[PDB]
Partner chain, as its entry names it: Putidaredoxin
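Just the one chain here, the form deposited without the partner chain, laid out as structure tokens.
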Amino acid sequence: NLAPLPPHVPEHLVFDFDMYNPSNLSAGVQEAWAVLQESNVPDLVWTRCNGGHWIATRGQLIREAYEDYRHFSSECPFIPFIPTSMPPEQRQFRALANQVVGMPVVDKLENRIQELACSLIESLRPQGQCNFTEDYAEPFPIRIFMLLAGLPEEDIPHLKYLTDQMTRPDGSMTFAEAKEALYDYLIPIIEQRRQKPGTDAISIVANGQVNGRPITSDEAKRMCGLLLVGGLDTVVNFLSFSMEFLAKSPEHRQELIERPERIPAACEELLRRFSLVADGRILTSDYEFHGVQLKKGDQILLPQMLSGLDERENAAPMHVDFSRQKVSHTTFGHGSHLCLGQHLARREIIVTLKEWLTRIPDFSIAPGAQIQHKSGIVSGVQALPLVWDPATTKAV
């Protein structure tokens, strides 16, 4: 499974990390990745796993490579949708996406998000147990997308099925099939709303402009597809990491119960500690980067997760401290592809925590349960069995 070391890569830089099955995974996925930040590991390493690729291990280099788009291209953004894989066009497509998921939209949507969170939590509250990942986290971001995009509730099971196939296929559909079925769904809606628009995200995208002309159907379906898939697994898994931590740390949980005003700052610290994305780039040319010779076409993993875990960026980085004066991270990325959904995601997180902690303040991991993580481009939580006494809860 280890690809022989290419002639340009010096042996002293080899560290055979497997981003899909890291050695230390039972200890927690962030901890498993943090092996890359041990003192005997260089700032930039080559792994022979997954075909062989570079890994930047420190926030300084991860940030720099994301800034240097001329050398570090998004044409191959994953080891091994618009605008993921691309500057003048990129800027225009992002401006358009900001029209639909920017702060003003999020601020308008906030109480609808709260109303949805409340309905979900209240459905679970009297049971005294749930698998948080399946029972709250999975249904939540897809419903928020339907709100954002003005799509009917009845379309959820099929749309959720298609997005599930793109990331966790059961085998019924190839990636290409699931993507094309998503496009089959979106195309007539985009066409309809181009001619008769509302104020929803699809209407706004369908009526956008690029290079002085109307957005095409192909461009619009790809933008809408990315806005859909981008906010699903990231939010599901991130909420799950946060809730796992809160279930296991009654002291931190109590801090947020007593001082709910600290929740937004707590969100940011959790985003740092339980960061979860690890994307990459491809070298456009031969390039010497921090004393290391990179070759045209080499792939480089630039884990967003690692920047905030770097003790050079944050002291005692594995400790959760809601009062940190400066929370440094790249959890939503850095540079020209910075997450478009970051404002919506923060609001979903904060609303979820606020509503959960006021309705179900006291909860624990089910006894005997060992929470399992998974690793990859979006790392996550396989399941989160929680238990609580319903008499300690507050009903609608």
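Positions refer to the first chain, counted from 1.
From this point on, the text means the form solved in complex with the partner chain, which you will not see here.
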{"item": "4.5 Å heavy atom contact with the partner chain in the deposited complex for all of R94, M103 and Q342", "value": "yes"}
{"item": "Candidate stretches 37-45, 366-374, 342-350, 52-60 - the one whose heavy atoms come within 4.5 Å of the partner chain in the deposited complex", "value": "342-350"}
{"item": "Of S328, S26, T358, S336, the one that lies within 4.5 Å of the partner chain in the deposited complex (heavy atoms)", "value": "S336"}
{"item": "Contact assignment for the partner chain in the deposited complex, among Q99, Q114, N207, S217, heavy atom within 4.5 Å", "value": "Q99"}
{"item": "Any non-hydrogen atom of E67 within 4.5 angstroms of the partner chain in the deposited complex", "value": "yes"}
{"item": "Partner proximity in the deposited complex: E154 to the partner chain, non-hydrogen atom cutoff 4.5 Å", "value": "no"}
{"item": "Contact test in the deposited complex: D107 vs the partner chain, heavy atoms, 4.5 Å", "value": "yes"}
{"item": "Within 269-299, the residues that have a heavy atom no more than 4.5 Å from the partner chain in the deposited complex", "value": "none"}
